[PDB]
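What follows is a short report on a single structure.
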Amino acid sequence: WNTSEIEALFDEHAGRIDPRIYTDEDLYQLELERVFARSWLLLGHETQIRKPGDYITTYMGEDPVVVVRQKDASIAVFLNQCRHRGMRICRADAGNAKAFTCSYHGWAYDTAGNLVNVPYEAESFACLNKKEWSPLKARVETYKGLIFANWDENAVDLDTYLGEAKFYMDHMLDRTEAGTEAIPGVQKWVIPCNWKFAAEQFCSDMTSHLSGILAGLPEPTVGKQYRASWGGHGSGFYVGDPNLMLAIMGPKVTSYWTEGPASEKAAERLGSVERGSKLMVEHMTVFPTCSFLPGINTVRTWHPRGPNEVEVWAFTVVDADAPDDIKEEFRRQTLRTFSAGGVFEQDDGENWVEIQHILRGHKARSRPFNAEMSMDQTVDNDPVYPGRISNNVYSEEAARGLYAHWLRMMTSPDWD
Amino acid sequence: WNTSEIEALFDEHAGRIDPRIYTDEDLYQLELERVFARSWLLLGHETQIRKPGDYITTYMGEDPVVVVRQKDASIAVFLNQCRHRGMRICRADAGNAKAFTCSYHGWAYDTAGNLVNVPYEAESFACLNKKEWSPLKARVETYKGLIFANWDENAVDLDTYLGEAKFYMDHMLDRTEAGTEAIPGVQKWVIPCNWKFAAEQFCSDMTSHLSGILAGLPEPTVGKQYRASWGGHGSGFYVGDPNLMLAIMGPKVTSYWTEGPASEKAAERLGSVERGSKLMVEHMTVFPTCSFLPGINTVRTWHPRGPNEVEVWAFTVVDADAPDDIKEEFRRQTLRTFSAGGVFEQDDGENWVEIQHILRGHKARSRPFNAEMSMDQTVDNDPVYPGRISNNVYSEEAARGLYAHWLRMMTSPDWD
Amino acid sequence: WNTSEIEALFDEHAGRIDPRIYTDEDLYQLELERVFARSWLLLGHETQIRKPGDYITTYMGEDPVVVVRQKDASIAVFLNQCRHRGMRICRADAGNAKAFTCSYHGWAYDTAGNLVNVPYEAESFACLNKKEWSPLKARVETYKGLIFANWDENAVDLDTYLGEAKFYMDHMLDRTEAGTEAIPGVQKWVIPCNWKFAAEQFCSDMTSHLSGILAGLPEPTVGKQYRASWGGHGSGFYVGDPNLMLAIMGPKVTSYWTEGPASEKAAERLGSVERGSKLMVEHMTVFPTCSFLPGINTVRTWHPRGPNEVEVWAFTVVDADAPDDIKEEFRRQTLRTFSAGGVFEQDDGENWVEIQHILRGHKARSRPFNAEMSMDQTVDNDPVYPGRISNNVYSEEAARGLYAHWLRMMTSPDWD
Amino acid sequence: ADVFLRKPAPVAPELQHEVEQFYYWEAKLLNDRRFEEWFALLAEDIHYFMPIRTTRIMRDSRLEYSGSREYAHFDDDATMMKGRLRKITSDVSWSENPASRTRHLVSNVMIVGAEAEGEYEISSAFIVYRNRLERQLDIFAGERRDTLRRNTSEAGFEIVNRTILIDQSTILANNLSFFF
Amino acid sequence: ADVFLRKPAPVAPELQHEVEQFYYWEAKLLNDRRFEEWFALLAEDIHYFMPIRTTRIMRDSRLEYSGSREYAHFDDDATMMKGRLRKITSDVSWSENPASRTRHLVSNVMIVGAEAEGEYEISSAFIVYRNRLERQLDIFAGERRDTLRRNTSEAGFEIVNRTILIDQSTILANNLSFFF
Amino acid sequence: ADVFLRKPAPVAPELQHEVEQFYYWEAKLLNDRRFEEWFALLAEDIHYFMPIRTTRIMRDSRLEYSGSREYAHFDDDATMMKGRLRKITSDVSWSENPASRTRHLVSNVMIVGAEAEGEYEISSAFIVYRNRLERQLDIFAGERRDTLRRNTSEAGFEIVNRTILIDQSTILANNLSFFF
Ligand code: FES
Ligand code: FES
Ligand code: FES
Ligand SMILES: [Fe+2]
């Protein structure tokens, strides 16, 4: 490839996406090197590893990582690969561990993936460097429950990276003194399409998905959208009405969300009515692969496979003090709608698969896609909302910002 | 690759095919760009879309196209991809449509794939160019029933392209005042082997396939072969006897083909006994991927997948006025012999699969294949037959011509 | 790639393997050209083709070869590909043949794959060169039962290639006047991992595999390791005890191996007690893809597929005069332990699959693997054993030698 | 299990048939897209359950399945189902999505009685085969553990409990739009 | 369907078995390559049908299968079959093609009577598993809708009608040389 | 075959059920990882056989399977099995390997008697479905030819002979750690 022509792949002012970004093999290897190996990725939620020694295995990019709670309750994230011949160190999806031993040749590790013992280094390795030969470690950082990692010892801080995005994440994560716990169990499915489609997207009529709606009723809206200043994040939401209530989450989960004690109070840590209770559904995407829907409350990582396939790891989060049966609702309603079986998300999948399939073709790959929807409709000072806010919510501004940061990541060797 | 060494891949005078043409990935992408995106491809038959608004979906190369009958009974062929994010526009194999809507985001199209409506271009797209943002359209042209398309606005006319090939196609397509209708239903199967093998080929003992023959009997022949002047087409046939009768099509379909009113008369639009009734089986290949067997009357497109896989879309055509039960015979006998289940074509498939499989090997890919069969046995003036005719039918002259045009297509940037 | 940076892939003095050697696509194509197409590969055992005209089909690299016993009881090895259009010539796994005919177009071959007849070369091919147009032939050579081939007419002799490795092969192959017969039937399975992992490896704790052991009991050891001077071979064994007896082969097969007539005598063709009877289990790897375990007596070829997949073809060999029931034991015990179903080898497989899977990742592919185990612990003159012998058997010296020859093969255009 | 720590047994065989025939029918409806008629088989206290499964270390096999207060693939009310039926019927009427081809192979059906007349407890095997649009294909297998109740319908039974034990870690297709 | 708009039912169970055992046998012949013996099961008015299936928009499910005057995968006479048997027998005798490994899993067999003594109407399920030469593998599923006739043979029945409803849009293998 | 050159037949149907239910149970144990209990089903003269299969030219179909003095995938004593059970139990106790998800679909079961009270001879069909760790999946099919013996256990039978006829040339997975 080449610094110059990578850049020609996306025209921001004028809304052209070159479809090759979604398909190209070497381009993919660069994302892996210049996006994932340098940005903050979503490993899961704290609740999924309470006790010391609890682990769960996931991915940063296409590197399997082990995620382990330590004795000082810190969170260690090391590359799930023995450095001897590259056997997998941790082998279940989840569990508790006193230590870790590499099944192939004995090399033993501690709770934070430090090579602590080789059998008979007496006999052999005339002085072996244990530290050097431990797996690669990843910078871990936490945002109000969400676990994040980044390989780059030079990456900016997580708060910096996030920038004023923290604001919109607070809509789901900080609406109660007691934080938020993740309902246990993580659904996983495979969806042969580029990771960017999922992330960009998904469900972007921020006009059908109709039958999904008609499921939750027993028979032209106001809102805004935020584009991040720096790091390609972005969020989109409504203001007052059904949709959340009827349709997606039902009666109870909306009473809870909009009226009554838990929503007024608690939710007034946000220092804003409406910001707390006249909210309704909300998108939100934290570059590159972190996605969640405050109000519904599925969180996902998208994991890249091909440039042509992605895996979807999704769980659900509830306020940790929410009433029993309200937590229960979140559980049922979430899976009813935004799971792989869900009455909404079962369609988002069907789609992207076709999108990718088509791009097997020469002509399908030779003219750009249109992303010029609702240009220059942002002021960047809103009384209430930080960053770069559009006031008609039907725009591809957040999206443009996504591709634009992608472009910045793809063309830097250093940090801009 | 490179203009010069692409050319070294096929030696015409001296019959060497370099096996890499069948396997190479980048070579494949060039075919897609310099063969399929610039030549006339077979979309099907008129009969498969009689009424206005009838569509059927197929392929030009690896681009899915929608093929739709219009109000003025014209045939529109547009790229089956919404230009917004590349969702599939038409989603069934076939049907009737008043209009077309892109399921993902509402963008609405007319019968000939013109973007006619976006929801709320009021709100957004400060003047969107509807024409620009419609799918890519393809030049459509028809030959006596057969539907053809070509993306290149500079490609020669279809009749020109075909050249004197029209002559041999007339053997199946124009043997009656009333033209020809395609029996409905298109068989499709997958056959992991290079498209050129299928096309070149198939069934080229123009010496077994024996058991197939012995199926149609209830227990060294004369003929010629034609190689096109220009565009790499070619045909091969017999003169008087069983084979057609006994064996492939049986009693009735040969009486019909060779004797009696329908064959004498009607067939004498061709202005030649023998050309009409002393014909028997016939090959025929219209570059690059169109193949049919006048006398048997399967037509196929070969659709490219890998350089390593092809799909076979085949139907059957009958004279539109042929007697009921004669049409019926064509239906049964065709499927009995030249379907995926067929007593002939079930073997052609088994073969090519091995051919491709072998070429996974270094040594299998390093010496050329022999295509020197029956060289310089053409006069180019035959009393009756146009073009370049061989008089012993057992030659690879048509084949050489195929690879030779391929070579011309692969090495031009412009039209020679 | 490039002569210089291929070389940087493996640092010998300092034990670094660059994990890309296991994954890289173009690198793979070079192995195919510069390792397999120039080295001596294992086709099987003589016994698998006693009678004239007996064939069996296998692989040299990713080229299918036919292996046929001739009238003068010689062994012909020709590329299993008709030179006309590359159809497969021999089509079963095994059988007996008077001649060979290519099913596609008649071209007929003799027992040693010489094109002897084309139908009607009268009609066509104004003088065809039969010799030229026969398949590629491979140099065949035999070592005390084992059949070997090599495409390179310039490769060194097989004995030279083997060098002083013959010594350690004699531990299984020449321990009786009457040679060795291969028990009929060859197990085959697929194991998605690089061929080098299998070869390097396998089972290299020359510390678990525990449960496998505990299977053969009804409830820190002495030994040495050999690294070849020239061609990247290597072997590793024990001296006196259980392990062989208890555990792997059981009571009878160890009495036979260690004590009594057959082991003392016969085995004293080796001119060494201990070399014959105080042996126990033994590794052994003949570059690049030949592997067997004298004492257990599975032999395997590893066949390369991807850089990402390998097939395992394994049979078992017994001394041709061994008692009936002793031969029988070898049969049962072998399959019980070192088959795809085996209580040992069922785990070796599970492993490598993970190893390869991990390397789908950017970070997993970016730091070297450690192969510095037990450096500079070889004298090269041992009273008894030729070559380069380590005296503590727990080292990666043989392995280093493997990668080192690989490196020599990969970087020569000529023979060093 | 409970109910299956010990071998059924024996019943029937009029009973064995009667159950198997129920399932074969249920499969016919499912594969023929005859969905209105299928939902009609669910008892109004239907609990339709498919837990998420995890790859675990062999001593922890125990922990494989998600328990009842945790996230599932499916955990449906009569009311939630009623609602999915609305989605299906709604796609059929106003929508351009393509139809989906399924097969349900039903097999190792084991029957034990429960308390109440009335109600039987079942273990069966699986393979579902789903092909759709040109070339997509997924194959799923597993165990249905059902509670069936006798019933005055032409169908003869109603499904009060269904527990779907998939033989699948990560879900290998791209959606779960059909019904086990 | 006709015959299957409504639930069978109930028969047999001697009958149920008798049919299932017929199919299991038929599968044995097919998988054991014992073809001479299989064709012998077809009634001389055998009509052996496998329509081409199309991906359709959900309201047009209706239009899925090719009807009877249109192209099929299979539409065979007794005479056409006789002729395929000749192809099979002929490959076995003089030819170097390799033998092909099949399995026919038979399952959800439902039985309703017809007019005549004599003749029964059947719905069954499918999976056919075809492996051949080293690594090729295709898996097919679907429904056989058969008409069976009683018969004085050791087999007990003869197949007068077979309609093979594949769960497959484009055919996913490279040929259809076996027999459902 | 011997025993199957000719059609079973007919038995049972109490018998037919009794056998099928045996197999369904056996599958339950296998798929539920309840291995201790499974081995207990093998007669002490169990001979557990799975020959290697070869792609052969059609006239040589005959030569497909490895005979009894030649290499198999499986050829086990009671003693060898006892020993595999030790491997399984040993992995469970002290080891970090992951558990493996299986399904055994049992089907075309045909029953003929033998000499002795006592002992029955069986042909059945197959599909085994094995998913493990995230995404690995293999599907196997074939025929079990078993000799079963009556027995005073709660299981009712013991497997004295098992012959596993895989529909597989080269083995398409990467190991054969489960049990047919
Ligand atoms: S790879 Fe050898 S210790 Fe794990
Ligand atoms: S892709 Fe957005 S309108 Fe179709
Ligand atoms: S490839 Fe034509 S003779 Fe074999
Ligand atoms: Fe029964």
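Protein chains in written order, with the deposited numbering: chain A, 15 to 220, 226 to 238, 248 to 444; chain A', 15 to 220, 226 to 238, 248 to 444; chain A'', 15 to 220, 226 to 238, 248 to 444; chain B, 8 to 187; chain B', 8 to 187; chain B'', 8 to 187. A prime marks a further copy of an entry chain.
Where a beta carbon is used, it is the ideal one built from N, C-alpha and C, also for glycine.
Closer than 7 Å at the beta carbon, the chain B'' residues around residue i
i	result
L183 of chain B'	Near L183 of chain B' there are no residues of chain B'' at all, since even the closest Cβ is about 17 Å away, more than 7 Å.
Partner residues on chain A'' for residue i, Cβ-Cβ distance less than 8 Å
i	result
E124 of chain B'	The contacting residues do not exist; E124 of chain B' stays about 48 Å from chain A'' at best.
DSSP three-state assignment for residue i, whether helix, strand or coil
i	result
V281 of chain A	helix
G149 of chain B''	strand
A79 of chain B'	strand
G90 of chain B	helix
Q215 of chain A	coil
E71 of chain B'	coil
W330 of chain A''	strand
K158 of chain A'	coil
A87 of chain A	coil
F114 of chain A''	strand
Near ligand 5: residue i beta-carbon under 7 Å from a heavy atom
i	result
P20 of chain B	Inclusion of ligand 5 in the displayed structure is not the case, the ligand content consisting of ligand 1, ligand 2, ligand 3 and ligand 4 alone.
Chain B contact residues for residue i, given Cβ-Cβ distances below 9 Å
i	result
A122 of chain A'	Under the 9 Å cutoff, chain B gives no residues; its nearest Cβ is about 11 Å from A122 of chain A'.
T115 of chain A'	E103
Within chain A'', the residues that residue i reaches when beta carbons sit closer than 7 Å
i	result
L179 of chain B''	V204
Residues that residue i contacts on chain B, provided the C-beta gap is smaller than 7 Å
i	result
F11 of chain B'	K35
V116 of chain B''	Residues of chain B passing the Cβ test: none, with the nearest at roughly 11 Å.
Supposed close pair residue i, residue j - CB separation, criterion 8 Å
i	j	result
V250 of chain A''	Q361 of chain A''	Contact doesn't hold; Cβ gap of about 24 Å is too wide.
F139 of chain A''	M401 of chain A'	6 Å
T194 of chain A''	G264 of chain A''	Rounded, the Cβ-Cβ distance is 21 Å, inconsistent with contact.
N420 of chain A''	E137 of chain A	6 Å
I103 of chain A'	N94 of chain A'	6 Å
Contact set between residue i and chain A'', taken where Cβ atoms lie within less than 9 Å
i	result
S68 of chain B''	Within 9 Å Cβ-Cβ: nothing; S68 of chain B'' doesn't reach chain A'', min ~10 Å.
Neighbouring residues, chain A, relative to residue i (Cβ below 7 Å)
i	result
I59 of chain B	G199 and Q201
For the stretch 76–102 of chain B'', which residues have a beta carbon sitting closer than 7 Å to at least one beta carbon of chain B'? none
Within 5 Å of ligand 3: residues by beta-carbon to any heavy atom: Going along the chain, the residues that qualify are A'':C96, A'':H98, A'':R99, A'':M101, A'':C116, A'':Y118, A'':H119 and A'':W121.
Report the residues of the stretch 98–111 of chain A with a CB closer than 7 Å to any CB of chain B'', ordered along the chain. Taking 7 Å as the Cβ-Cβ cut-off against chain B'', the residues of the stretch 98–111 of chain A that qualify are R105 and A106.
Please list, in chain order, the residues of the stretch 402–414 of chain A'' that have any C-beta partner in chain A closer than 9 Å. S402, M403, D404 and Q405
Residues within the stretch 301–312 of chain A neighbouring chain A', beta-carbon criterion of under 8 Å: Cβ contacts with chain A': none found.
Between the stretch 49–72 of chain A'' and chain A', which residues of the former have CB atoms less than 8 Å from a CB of the latter, in chain order? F50 and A51
Going along the stretch 353–374 of chain A in order, which residues come within less than 7 Å of chain B, judged by CB to CB distance? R359, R360, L363, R364, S367, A368, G369, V371 and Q374
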